[PDB]
Amino acid sequence: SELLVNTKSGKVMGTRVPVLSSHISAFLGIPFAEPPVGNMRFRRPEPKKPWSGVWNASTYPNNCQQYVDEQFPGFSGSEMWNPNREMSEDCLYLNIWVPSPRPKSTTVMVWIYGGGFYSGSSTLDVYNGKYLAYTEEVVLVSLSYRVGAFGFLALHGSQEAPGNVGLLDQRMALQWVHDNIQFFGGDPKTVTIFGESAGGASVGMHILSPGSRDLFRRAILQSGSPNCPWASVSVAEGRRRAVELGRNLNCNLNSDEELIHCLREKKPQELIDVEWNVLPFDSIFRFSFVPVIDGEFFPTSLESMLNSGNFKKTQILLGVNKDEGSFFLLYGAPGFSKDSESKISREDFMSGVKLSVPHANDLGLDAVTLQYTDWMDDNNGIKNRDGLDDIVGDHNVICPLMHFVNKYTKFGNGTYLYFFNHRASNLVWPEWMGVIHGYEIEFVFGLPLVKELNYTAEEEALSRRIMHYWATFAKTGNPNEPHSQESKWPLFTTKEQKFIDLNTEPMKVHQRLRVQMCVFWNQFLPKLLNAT
Ligand SMILES: *[C@@H]1O[C@H](CO)[C@@H](O)[C@H](O)[C@H]1NC(C)=O
Ligand SMILES: *[C@@H]1O[C@H](CO)[C@@H](O)[C@H](O)[C@H]1NC(C)=O
Ligand SMILES: C[C@@H](c1cccc(O)c1)N(C)C
């Protein structure tokens, strides 16, 4: 039976799923770890004890306990990211889409969802691996991991809540793929891990972490870097927030044992309710529980690891979307609202700058403002709005990614950089938000091929082109077809620093993606703040 697969953990029974006039197998909800419930909350993941009998892998699993966005009730643009299954601490499962007939040893792609490490689901409609698995003949896997305090509460030194447990969930899922994907026709020697936002950061973190390197072949990072300012915290900061969380829940704060015991007795929603109260600054684009630089998962500082070449050397394909800041400005900056063009005043511009660079002194704030202000037309509401979008995006995603790409490329075996600047025609979010972060995913997952989704013919073509770029790269370490008549996506080199735009227009190659702004963020500003 094509829908029955025997693994080292037990037999699983998938389901025949229809996809673009055909069908494929889908093994949904396969457990890869023991439910992190009870005294297991905050602890490292334990492997899923093998089971007797057949595991029903015909339906999606529960989503992990997480903060749910309710800013725009009923709005698809926001709810399309919210959990679409019952939330549960028992959420460490993975889904696999297998081509029919079951392949023998084909390329495997493992998707790691984003969501600032505080949210995310593998079951979202935009993450349906159906189209990519079918169109590209790949075994597509989507894993899950604990988010929020559940996956990142860090009381370093403690065995009960060491921190980084959400990253270990990812690793365990990767371990399970390593050990069993062969039974689904996947080639364990050719596994490409790919993710967006916190998932992209995660991908880079697995490239860095010694304990994860051997579990995959290549990597794809979309709008995420392990070095993003919001993707990790020091062990001191993690401990600080863990205690403050306990303080929010009236916990005995005399010992880690009592803090952790208290936190474990709290219902999931209780931790989620006060989750955001632990942030150190009035800021945007900062999340409470994220990976901690523990000296275990990450041997030393990300920067030193990057400098020394202390990371997995392989091929990587990565990039960003044009407007990486609009989302967090809409949700937290004064003057922005979903239903207006959000033209920003000078007053709100400076308030935004302050929210964007949390612990920057006045001089730092001045450096940012001068850098992003057109003094010939400083009251231009559209320029002030777009200027803020750039500040938030550059600082939080684009420039950190550029720093990582340049550091990596020095030791890597091939880099491919893209700049996705096509706004989906059916995008429900306002126009001012632009090519919003996360809206390239639908193209990566081939949603534009489904006519009912209302995409243009051009968008379907772009989707197919992106999917083939992703799959060909995952399969060969090069997004380009060996000897083809199509425009060639050049390799990013330390010298040339080439990249391509990803849109419905004919491929165009550029160099030094936002160098001007990134020299400011990566070189100048850090030096300024260090001195002051
Ligand atoms: C779960 O597995 C059983 C195996 O007998 C199957 O009959 C059932 O239909 C599956 N659940 C769903 C919702 O299909
Ligand atoms: C990648 O590695 C192979 C073998 O070590 C080498 O021949 C090739 O030149 C490398 N490519 C890049 C872009 O570094
Ligand atoms: C999916 C994506 C997202 C995109 C836009 C808005 C959200 O609230 C979440 N994650 C990765 C950060």
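Residues: numbered from 1 along the sequence shown. Hydrogens, waters and symmetry mates are skipped; everything else that's a heavy atom, side chains included, is used.
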Examine [X] together with [Y] and report whether their ring centres are nearer than 6.0 Å.
X	Y	value
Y331	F72	yes
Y118	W230	no
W432	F336	yes
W489	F473	no

How far does CZ of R218 sit from OG1 of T107, to the nearest 0.5 angstrom?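 One finds 7.5 Å between CZ of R218 and OG1 of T107.
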d(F150 CZ, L263 CG) to nearest 0.5 Å is 10.0 Å
Closest approach of [X] to [Y] (non-hydrogen atoms, all atoms of both residues):
X	Y	result
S158	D256	CB-OD2, 4.1 Å
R213	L208	NH2-O, 2.8 Å
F42	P162	O-CD, 3.7 Å

Are more than 12 heavy atoms, taken from residues, nucleotides or ligands other than [X], located less than 6.0 Å from that residue's [atom1] atom?
X	atom1	result
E70	CD	no
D125	CG	no
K322	NZ	no
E2	CD	yes

Can you tell me if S212 and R171 form a side-chain donor-acceptor pair at under 3.5 Å? yes
Looking at [Y], is its backbone amide N or carbonyl O close enough to the side chain of [X] to form a donor-acceptor pair, meaning the two atoms are under 3.5 Å apart?
X	Y	result
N63	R85	yes
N164	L167	no
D90	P35	no

Check ring pair (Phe, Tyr, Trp, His ring centres under 6.0 Å) between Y67 and all other residues, then give those that pass, not counting sequence neighbours.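 Counting only residues at least two positions away or on another chain, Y67 forms a ring pair (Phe, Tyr, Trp, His ring centres under 6.0 Å) with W276.
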With sequence neighbours excluded, what pairs up with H422 under the ring pair (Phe, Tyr, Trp, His ring centres under 6.0 Å) test?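 Applying ring pair (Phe, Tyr, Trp, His ring centres under 6.0 Å) to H422 gives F443.
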Which residue in the set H437, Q222, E196, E440 passes side chain to side chain donor-acceptor pair (under 3.5 Å) when paired with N321?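 With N321 as partner, side chain to side chain donor-acceptor pair (under 3.5 Å) holds for just one option, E440.
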Using the test salt bridge (charged side-chain N to carboxylate O under 4.0 Å, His left out), find all partners of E431 that sit at least two apart in sequence or belong to another chain.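 Applying salt bridge (charged side-chain N to carboxylate O under 4.0 Å, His left out) to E431 gives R423.
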Determine, for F311 and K313, whether the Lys NZ or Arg CZ falls below 6.0 Å from the six-membered ring centre while staying within 45 degrees of the axis. yes
Scan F152, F289, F287 and name whichever one has a ring-ring contact (aromatic ring centres under 6.0 Å, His included) with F117. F152
